[PDB]
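To start, the structure under review is shown below, and the notes come after it.
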Ligand SMILES: [Zn+2]
Ligand SMILES: [Zn+2]
Ligand SMILES: [Zn+2]
Ligand SMILES: [Zn+2]
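Residue numbers (the working numbering), protein chains in the order written: chain A, 1 to 329; chain B, 330 to 656.
Below you can see the structure in the form of structure tokens.
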């Protein structure tokens, strides 16, 4: 009944209002240390993150889960610095996203399990900071390597009780294959969040996953390139569905009886080197509220659409607490 | 005038016997810091490196050029530590190899140039250690991104006088395209070494590059899977040609008049996370001399084949001094 944060162990009740899928910075391993001027400076990136998290805190956020892996250039010392300055708890992730270097892509299930367990049980790098979640990814049918990662992540979660959260291409229904592999491994679905599930309108796909016991990550609510259809890179990243369309899936899953199984987030960030240059000007145009978009815009939207307060609090406070608390079931 | 090393500037004459294409550790960016246990420990990797460099130093080596880039997991603090304990100069590299992550792959020629220039003119990470060479790579026909890396490398070289050195798939004569792209940016061939050129017996290919003024990197002389050909991953890394066969290309380019354009090395390492697990067990059986292989085995072999000591001196001392001097 402790959750590891970048500033150490917290009790479950200190987590409070939680954003389960976010990033301080979306980058690549070693990149922030090797070319900090890409973001202006390391301090400029940190200050920008602190401004954004302080705003999110003022709107009610107390914890974000940063699901940046090794290969997304997770820098836990940055995360501790930003956490302390903004007085927002940050949970760090182990696992791998879909840009693993050779030194990872050539590893066995056993080797990957050791690496994830290291980051949970011992610490990340030389920092003593322990991960509180495992992040994995597919983009369509799993590559052989991605299957090995799913299996290593299941093994790490069985050994530690730490949960797994996933990147999907929701248009390819990637959750069904991820689910199959987790269930062959023996991982309980209540320890798994199928992410980017708000990228699709296929409610049959989502209820069938929630029927099997999975948590459903509706985690990119503000992602929309509506108004910027002529920006190809921005439309490929954000899609042409509205924030309201995404948000209404939250209502839709409540209405199907699965309020218990929803996790809601922004999937935002304060820098993004692992995409096209200047993407942050597009993102900050699209959603100037940043990580404060869920509490400032989506919570009131869901209320005016009929969702009880009590339900929003189970989704933003109780679901995340239940999910993050280390347990096998 | 001055060459940058991981322990600061040295004068040209301090370089001495120089291995122009080596590695302390072949890895991936951030990997040694995130999982040092893959190598046993950071201490165990440093111990083995210090032992191998001291082995090389005893055989006459004074300087190595570690052509590990960002994406090969170059750790210049490790390089500094082993350089100092072994009393061997290490020149560090900028550039990109063929495992760039997205944060590099999506960058323009102009962005890449700024990055390379940072590592040459300011420093690597927060260390103040500056690169003395630019490493680039193709594996066959250049991808669009690798063409951008070659162009950024040429611009960084023209701005600083620092030389460029390449990875090739020699069986696809990559040096030909590399040379065209460099010349299109105005880079002089005398600032370029076309590497892994000993990976095939293709002297038409090598002499024509050398006739255009390129330096030819015969840099994998001890690489051979002969005797362990049934190990598929060893054979794919090391090839099925003997070290003597590779070394005879050195004699061949000398015989053709190109002694002034040859650079010889081992392309060795002491750890290797960017290949299959336990590869070091194979490598240490194939070439236990490590980075001492050139001075202990190749030099005497070439002497016995009639190459003069003065030609061996120009190749191992003079050619690297001229190549590394910023121009
Ligand atoms: Zn994702
Ligand atoms: Zn994300
Ligand atoms: Zn190479
Ligand atoms: Zn090499």
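Idealized CB from N, CA, C, for every residue including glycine.
Counting only beta-carbon distances shorter than 6 Å to the non-hydrogen atoms of ligand 2, the qualifying residues in chain order are A:21, A:23, A:67, A:267. Closest in alpha carbon position to residue 232 of chain A, among A:183, A:282, A:213, A:191, is A:282. By the Cβ neighbour-count rule, residue 370 of chain B is exposed, with fewer than 16 other Cβ atoms within 10 Å of its own. Sequence-distant Cβ neighbours of residue 276 of chain A in its own chain, meaning closer than 8 Å and more than five residues away, are 233. For residue 223 of chain A, the CB stays at least 6 Å from every heavy atom of ligand 1.
Note that the stretch 65 to 80 of chain A touches the stretch 30 to 47 of chain A; at least 3 beta-carbon pairs, one per stretch, sit closer than 8 Å. Distance from residue 56 of chain A to residue 109 of chain A at the Cβ level is roughly 37 Å; contact not present, criterion being Cβ atoms closer than 8 Å.
The three-state reading of DSSP puts residue 408 of chain B in helix, counting H, G and I together. DSSP, reduced to helix, strand and coil, places residue 133 of chain A within a strand of the structure shown.
If you ignore the 5 residues before and after residue 351 of chain B, its C-beta comes within less than 8 Å of the C-beta of 393, 394, 395, 396, 594, 595, 596, 597, 598, 620, all in its own chain and listed in chain order. When A:105, A:34, A:59, A:52 are compared, the shortest CA-CA separation from residue 422 of chain B is found for A:34. Around the Cβ of residue 464 of chain B, a 10 Å sphere holds 16 or more other Cβ atoms; the residue is buried. In this structure residue 89 of chain A touches residue 5 of chain A by the C-beta definition: roughly 5 Å separates them, less than 8 Å. Using a CB distance cut-off of 7 Å, residue 101 of chain A counts as an interface residue toward chain B. With respect to the 7 Å criterion, residue 524 of chain B and residue 548 of chain B are classified as neighbours on the basis of their beta carbons.
When the Cα atoms are used, residue 182 of chain A and residue 197 of chain A turn out to be separated by approximately 17 Å. For residue 550 of chain B, the three-state secondary structure derived from DSSP is coil. The residues 444, 477, in chain order, have a CB closer than 8 Å to that of residue 436 of chain B in the same chain once the five nearest residues on each side in sequence are set aside. If only complete runs of 3 or more residues are kept, the stretch 455 to 532 of chain B shows the beta strand (DSSP E) at 462 to 466, 493 to 496, 521 to 523, in order along the chain. Residue 590 of chain B places its beta carbon less than 7 Å from that of residue 545 of chain B. Take residue 587 of chain B, set aside five residues on each side of it, and the residues of its chain with a beta-carbon closer than 6 Å to its own are 539, in chain order. Along the stretch 132 to 151 of chain A, none of the residues has a CB nearer than 9 Å to a CB of chain B. Take residue 331 of chain B, set aside five residues on each side of it, and the residues of its chain with a beta-carbon closer than 6 Å to its own are 338, in chain order. In this structure, the alpha-carbon of residue 302 of chain A lies about 22 Å from that of residue 205 of chain A. In terms of CA proximity to residue 241 of chain A, A:221 leads the group A:221, A:250, A:128, A:180. For residue 610 of chain B, the three-state secondary structure derived from DSSP is helix. One alpha carbon belongs to residue 238 of chain A, the other to residue 227 of chain A, and they sit about 12 Å apart. Residue 33 of chain A belongs to the set of residues whose beta carbon lies under 7 Å from a beta carbon in chain B. The shortest CA-to-CA distance from residue 582 of chain B to any of B:600, B:553, B:636 is the one to B:636. As the crow flies, the alpha-carbon of residue 58 of chain A is around 12 Å from that of residue 294 of chain A. Annotation: the stretch 31 to 87 of chain A contains the following complete segments of the beta strand (DSSP E) (minimum length 3 residues), in chain order: 63 to 66.
Residue 390 of chain B and residue 411 of chain B do not touch by the CB rule: their CB atoms are close to 13 Å apart, not below 8 Å.
The three-state secondary structure of residue 621 of chain B, taken from DSSP, is helix. Secondary structure of residue 17 of chain A (DSSP, three-state): coil. Here residue 347 of chain B has 392, 649 as same chain residues with Cβ atoms under 6 Å from its own Cβ, once five neighbours each way along the sequence are excluded.
In this chain, residue 247 of chain A is not harboured by any beta strand (DSSP E); it is covered by the alpha helix (DSSP H) spanning 243 to 255.
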